[PDB]
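Notes follow the structure.
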Amino acid sequence: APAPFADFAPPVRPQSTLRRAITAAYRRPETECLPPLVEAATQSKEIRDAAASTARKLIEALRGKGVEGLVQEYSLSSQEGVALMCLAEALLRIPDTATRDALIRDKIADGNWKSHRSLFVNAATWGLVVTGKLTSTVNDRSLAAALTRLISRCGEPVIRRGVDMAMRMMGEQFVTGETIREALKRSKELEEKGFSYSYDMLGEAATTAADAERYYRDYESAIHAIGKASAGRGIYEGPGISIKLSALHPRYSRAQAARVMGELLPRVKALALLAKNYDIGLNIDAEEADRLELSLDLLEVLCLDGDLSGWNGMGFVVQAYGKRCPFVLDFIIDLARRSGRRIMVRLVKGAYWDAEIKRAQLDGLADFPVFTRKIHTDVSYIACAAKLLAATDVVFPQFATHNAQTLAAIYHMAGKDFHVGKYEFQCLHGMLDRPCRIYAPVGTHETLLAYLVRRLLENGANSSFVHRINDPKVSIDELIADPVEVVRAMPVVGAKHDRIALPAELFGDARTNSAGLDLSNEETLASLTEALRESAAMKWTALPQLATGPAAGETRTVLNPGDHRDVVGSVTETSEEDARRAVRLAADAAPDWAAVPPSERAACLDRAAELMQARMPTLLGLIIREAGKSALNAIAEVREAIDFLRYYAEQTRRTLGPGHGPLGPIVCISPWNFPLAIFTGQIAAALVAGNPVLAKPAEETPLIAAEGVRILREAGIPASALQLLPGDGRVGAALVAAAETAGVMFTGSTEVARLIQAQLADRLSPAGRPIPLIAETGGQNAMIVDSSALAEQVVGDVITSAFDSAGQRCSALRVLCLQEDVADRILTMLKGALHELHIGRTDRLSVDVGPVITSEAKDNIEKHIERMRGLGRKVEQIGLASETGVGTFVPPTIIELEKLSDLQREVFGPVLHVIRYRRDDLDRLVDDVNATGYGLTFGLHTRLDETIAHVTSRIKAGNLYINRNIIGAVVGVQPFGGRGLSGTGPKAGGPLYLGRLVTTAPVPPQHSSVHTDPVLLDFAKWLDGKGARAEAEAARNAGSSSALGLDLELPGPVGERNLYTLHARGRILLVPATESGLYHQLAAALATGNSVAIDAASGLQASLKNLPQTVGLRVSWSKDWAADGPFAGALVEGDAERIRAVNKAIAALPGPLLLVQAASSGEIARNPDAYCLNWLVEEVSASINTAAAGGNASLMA
Amino acid sequence: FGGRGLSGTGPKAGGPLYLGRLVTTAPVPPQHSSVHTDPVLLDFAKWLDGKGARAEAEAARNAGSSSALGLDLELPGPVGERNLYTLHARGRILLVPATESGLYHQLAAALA
Amino acid sequence: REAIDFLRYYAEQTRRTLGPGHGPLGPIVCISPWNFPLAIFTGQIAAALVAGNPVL
Ligand SMILES: Cc1cc2c(cc1C)N([C@H]1CN[C@H](C(=O)O)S1)c1c([nH]c(=O)[nH]c1=O)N2C[C@H](O)[C@H](O)[C@H](O)COP(=O)(O)OP(=O)(O)OC[C@H]1O[C@@H](n2cnc3c(N)ncnc32)[C@H](O)[C@@H]1O
Ligand SMILES: NC(=O)c1ccc[n+]([C@@H]2O[C@H](COP(=O)([O-])OP(=O)(O)OC[C@H]3O[C@@H](n4cnc5c(N)ncnc54)[C@H](O)[C@@H]3O)[C@@H](O)[C@H]2O)c1
């Protein structure tokens, strides 16, 4: 077998001194980066005065010199203007110019535009054009009303003017031309006036091999057309081309560096050879920060390649908003000297700022790779311009900026001696005597959208020059302010922006965010390689760790699921006798652990979090080898464990006091698929709530569990409070059945949860109440995609959601639902993206999908696939390398289904099912998704507000995701947990969790609602009318205490809105004994928005005579509980023997595990909280990607 | 300004629905739309699809979309005041149909 | 003030909405109370007139 991690992430080439200086600057503090840039950008008083004069002259000229004319002419509102341009866009899709005009005159202008994909799919873009503001989603009902109104008011003439305006903008303003031939023809004019051109064919972010081939042949054909037109003018006076490397390979990333050098580089070389033959410029555009250093490896190989010698047209963009910018320039200038090629360097400020802030926050990295104050980028730009102007003999500087102040400072910096070829300026199409190159987009209306939104966002940001030059409140004096001197006079030079949170500070004072690792950073990969190798040399063990000490037992090895030859460690498993002994020991330790004050227990959790953060690299290595995870997923799992510890610590400090007594010994049974995070989360919550814990890890992953217990014990948790019992489900069953077990936390399959519930149904606590079970189980998770979604975004989110971790996430996408009109195109792209995944042993950074956990899991998954294939369903699978034979692998698989009912149970593997639906059947489809009985995660890709409102109001799932993937819920941000067959609740990583692990629940932070259920109020009035005054008052009190209607936004990363809401659970089974008991149960259920089914065997029908219709609509009587489900909960009244018998009957009900609450008649009389309203509402988490339209509205401020 | 029940017929004076009552075909008032769809309307449309009443099901879906039920606006006014305007269900509508298709169209309108 | 506001509001609402397909009813009888003898008088009449109806 190959040595573990011997080939984890070797760099493409040895890192030179100059390359290492780039990497070292990646994320340094802004206060460190700025002072040297200030020093380099300083110019003399005489030059600064001359620059301000020149900048003033430029600005006065710009202010002394379209859609707004149309809006003014027809007195359109904003929404009418947007709707009119969406209509014109649609009308221009009709090719035959006479056919379009007939549709306008005879059909459209007569109002019936609806009868002739939403019209408003691209309205966010036209919103930007009309209003200057970006909205993430489209209010399509508002736009439809506006379009009806404006046509009914103004008729054919306004439509004609709209069409002619959209024609001019999309064919002449957004682009230089629709095809390279058209763009070249239109360039003759300004070329005669001294301008030059760089053409951009508008490809980026290839998803499939076919996409990358299409962009390649677009670039190749453009080079021919440009070179033919250039006709020997050369690289300075003649036109050139700009390319994006992300267009040329579907896996352009550091993780796939070997494929990039082997497959992408030859393509760039072939394009460069063609540009050399015509002697035109070929420029590599700069993209995301994590592609910068990868692109340098391509630049270096190309500049050293003798086949390209004799040609100085190779160009490369560097972004001044980047902290590495000066060091990148030092590297390029030295490469120019070594190679003897005069590299064309386009200096830009940077186009991806919002995305870089969001990415660094999501990844929990030390700092940003870009500046956070706009004035810092301006100083960086000027400093880097001074560096470039000092090297014009070896590089050709190209100053790409529209900012008149930046231009004037550089113009005077460059001095009086100028010749064509020394340097040039550049500008974007559609926005002194020095040459000026126009960056010219070329493409059809369809292909233009991503670039166009990015462009229009920059122009609309309050800090941007284009927005300020057009703002009449901004004086010229403000516009010509020297950024260098403004920064130099600041109190702390280079301070971070006050309103942008470092990743560590996302949650402010609540808790410290967990820190991740940058797998694009070569220093990180080099140190992580050594730590991973060292972790594979360790002799990992898992032992039964009882309060008294380690116990003996049957010992066996733990094998790497990706290669059974790799022994990871050894586990000693627990005998059923020792399991029962551990519970007795935990029972005897319970009072001492309960007596540790809650603040000290929380301090132990924070200490364990610090220890896990420090040990992350070693922990990664164990998770990769024991559980078959990739390094990316292992990082996220360790972060989740750290977040659980810190989140439950903070929730404890906010809530727990002397009256919230522990339950007693808690049995925590955890799954193999998150063998550290869910393991840690369950144990941490139970411990910090004051309960001693019996930890039973999954049989497949005991080593990381044992290491998590060692860390918790090292942090201060006493051995009597946390005992580790490795073994199989028989150990789990022995623990559950133990007499002193006071509660069970289970995460695993629904079937096993059902077996645990059955065992607990016979049981009562010493107080005669049911034993609490928190059971978080499977999901049959769906995603619905409509024809307004962006295919490229969808495919990326689908590939991640279905096949990350080999589909072994509870949240994994199982069923993709595609609107019929776009299904073929998305399926084609999805299959193409499937075939770009690398499957193998996960100790290589290049591996995307690892093994499934066992051969039994493999056999079960492959049996499902073959059944589908035998039924004739289309099955797409990628081929597995022969190396996978030594482990247990299932290839990522796509299966096309006819109906949603083709699926029986959850298939816990990398198997995506695809169904198609007609748009008018969307509501029926949501019904069919709900009808599986599951309710865990759900995704929706759409830009249309009406569709969002419809789907999110009708779907029944615990975790909703809009325009993003459906995996990787973040503790305290997307509290995680479903309903129905997916779980009992409360949600892990949410504010109701700890209250389930104490005998009296505390009031969670922010847990309240000003809304009162109206049926509850109707019931309390009815009670008053019947004379039941005490119960009527109790009902009103329940109405006020209920938190139904709570609606919160949770702190998190920029570019995302994370919502948390409390809803009704559904239909609650009521099993009353007395009339007053029934009234209290009904009040509790109605106050939390639920309907009820009342046990008809109680004989209390006469107690509810003549109910108001509003209350009767919610009440049903049940003689056969199993026939009237599924229920979402149960309330029971009776003595201990009655509660036990009812609990057994409820456990036998088919379907979901019901959260049961029981009370005696006397407790109902004595205790207004006899039934806890916290457990009668349902938590829903919704995470909305608000950057999905292409940028961040809030960050534009 | 204007009320319901014994207080008047509506539409409100000084409001955006007023002029539409004085023409034979009412226009779409400014800002008059809603992204919400009544769930019972949706159930009715599905029922219509199930019995093959395709044109009525189409009409029901279009009523569901064009309904402004759930509109919720803040109107411009003086500082120190928040002035809200919302559209709710009216109550129980008396339906006097003559034909089955007429009944389905009336029910769709009321449920939407 | 209210009479002035009715006039200007219904004028603006007309500019935002009314087109050739929004035909008038015909003669409208406007019956007004004594407690707002200018404002409600004007509001009813202005709305009927601007919608294209002659008023009694
Ligand atoms: C003129 C020009 C600009 C760019 C390119 C070519 C030319 C000729 N390159 C293009 C190719 N790919 C880009 C694309 O969208 O597909 S357009 C280019 C650019 N940017 C890249 O990252 N890679 C490239 O290959 N070009 C865009 C350029 O980076 C910039 O976005 C705009 O030109 C605007 O800059 P400006 O100097 O003319 O305007 P200013 O307003 O003075 O500055 C705006 C910039 O300031 C930065 N910024 C904003 N807010 C900030 C905060 N809070 N902190 C730190 N920096 C901030 C941003 O960079 C913003 O763009
Ligand atoms: N909703 C969630 O949060 C969530 C999270 C992760 C995984 N899951 C689900 O976990 C399942 C896959 O993981 P798994 O293979 O570990 O599930 P599993 O049900 O096979 O085993 C989970 C745990 O239960 C133990 N166990 C088995 N039988 C037992 C019994 N009779 N009594 C007591 N304990 C018993 C096992 O030893 C193991 O520790 C999937 O179905 C997944 O959907 C759910």
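Neighbour counts are summed over all protein chains in view; Cβ atoms, including those assigned to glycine, are modelled from backbone coordinates with ideal geometry. A short reminder: the numbers here are calculations on the coordinates, not readings from a lab.
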Separation of region C:1-25 and region A:1002-1075 by C-alpha centroid, Å?
-> 45 Å
Can you work out ³J(HN,Hα) from phi for every residue in region A:1125-1137, in order, using Karplus 6.51 cos²θ - 1.76 cosθ + 1.60 and θ = phi - 60°, giving whole Hz and x for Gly and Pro?
-> x, x, 9, 10, x, 8, 10, 10, 10, x, 6, 4, 5
Violating pairs (Cα-Cα greater than 28 angstrom) within the set A:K416/A:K473; A:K323/A:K473; A:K863/B:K51; A:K244/A:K831; A:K858/A:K1144; A:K228/A:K422 = A:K416/A:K473; A:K323/A:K473; A:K863/B:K51; A:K858/A:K1144
Sort A:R916, A:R996 so that the residue with the fewest other Cβ atoms within 10 Å of its own Cβ comes first and the one with the most comes last.
-> A:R916, A:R996
Rounded to the nearest 500, what is the protein assembly as shown's calculated 222 nm mean residue ellipticity when only DSSP H runs of at least 4 contribute -39500 (n - 2.57) each, over all residues?
-> -13500 deg cm²/dmol
FRET E, pair B:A98, B:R21, Förster distance 35 Å, beta-carbon r, rounded to 0.05 | 0.90
Note, ³J(HN,Hα) from phi for region A:660-674, Karplus 6.51, -1.76, 1.60, rounded to Hz, x at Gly and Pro | 9, x, x, 5, x, x, 10, 8, 10, 10, 10, x, 7, 7, 10
Label point 7 Å beyond Cα of A:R873 along Cβ direction - residues of region A:822-866 with amide nitrogen under 13 Å = A:861-866
Over every pair of different alpha-carbon atoms in region A:725-841, take the mean of 1/r and invert it; report that Kirkwood radius in Å.
-> 17.6 Å
Sorting A:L1176, B:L71 on the 10 Å Cβ count, fewest up front, what's the list?
-> B:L71, A:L1176
If all Cα-Cα distances of the protein assembly as shown are sorted into 20 Å bins from 0 onward, what percent lands in each bin, rounded to whole numbers?
-> 9, 33, 36, 19, 3, 0
Could you let me know the centre-to-centre spacing of region A:171-192 and region A:1094-1143, using Cα atoms, in angstrom?
-> 75 Å
Kindly state, to the nearest 0.05, the FRET efficiency for A:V420 paired with A:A205, given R0 = 56 Å and r defined as their beta-carbon distance.
-> 0.95
Quick one: of the DSSP bridges fully inside chain A, what percent are antiparallel, nearest 5?
-> 25 percent
From the backbone phi of region A:387-398, what are the Karplus-calculated ³J(HN,Hα) couplings (6.51 cos²θ - 1.76 cosθ + 1.60, θ = phi - 60°) in whole Hz, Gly and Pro given as x?
-> 5, 5, 5, 7, 10, 5, 6, 10, 10, 10, x, 10
Kirkwood-based shape ratio for region A:1068-1123, expressed as Rg/Rh from alpha carbons = 0.92
Reference-scaled alpha-carbon Rg (2.2 N^0.38 Å with N residues) for chain B = 1.25
Potential lengthening between A:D477 and A:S855 on full extension [0.36 nm per residue; Cα-Cα distance subtracted] | 128.8 nm
Would you pull out the residues with amide H under 5 Å of A:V568's amide H, same chain only if 5 or more places away, H placed 1.01 Å from N?
-> A:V558, A:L559, A:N560
5 angstrom amide H check on A:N283, placed H, neighbours 5+ away = A:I241, A:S242, A:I243, A:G315
Report, in whole Å, the centroid distance computed from the Cα atoms of region A:625-684 and region A:198-255.
-> 49 Å
Signed unit charges on C-beta, dipole axis of region A:1090-1197, positive-most listed residue A:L1107, A:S1160, A:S1183 | A:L1107
Interchain or sequence-distant (5+) residues whose placed amide H lies within less than 5 Å of the amide H of A:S765 are A:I771
Which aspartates and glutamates does A:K185 reach when only Cα atoms under 16 Å apart count, and residues fewer than 8 places away in its own chain are ignored?
-> A:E172, A:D200
Please work out how much length the chain gains when fully extended from A:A537 to A:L432, using 0.36 nm per residue of separation minus the C-alpha to C-alpha distance, in nm with one decimal.
-> 31.1 nm
Go ahead and collect, in residue order, the members of region A:19-49 whose backbone nitrogen is under 13 Å from a label point 7 Å along the Cα-Cβ direction of A:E485.
-> A:42-49
Starting with the highest mean, order C:33-43, A:803-813, A:783-793, A:825-835 by the number of other Cβ atoms within 10 Å, averaged over the residues of each peptide.
-> A:803-813, A:783-793, A:825-835, C:33-43
Order of A:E898, A:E862 - criterion: other Cβ atoms within 10 Å of each residue's Cβ, fewest first = A:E898, A:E862
Over the whole of A:139-148, what's the average partner chain Cβ count within 10 Å per residue? Rounded to a whole number, please.
-> 5
P(r) tail fraction, region A:815-867 - alpha-carbon pairs more than 19 Å apart, % | 55 percent
How many nm is it between the label spots at A:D588 and A:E1075, if each spot is 7 Å from the Cα in line with the beta carbon?
-> 5.3 nm
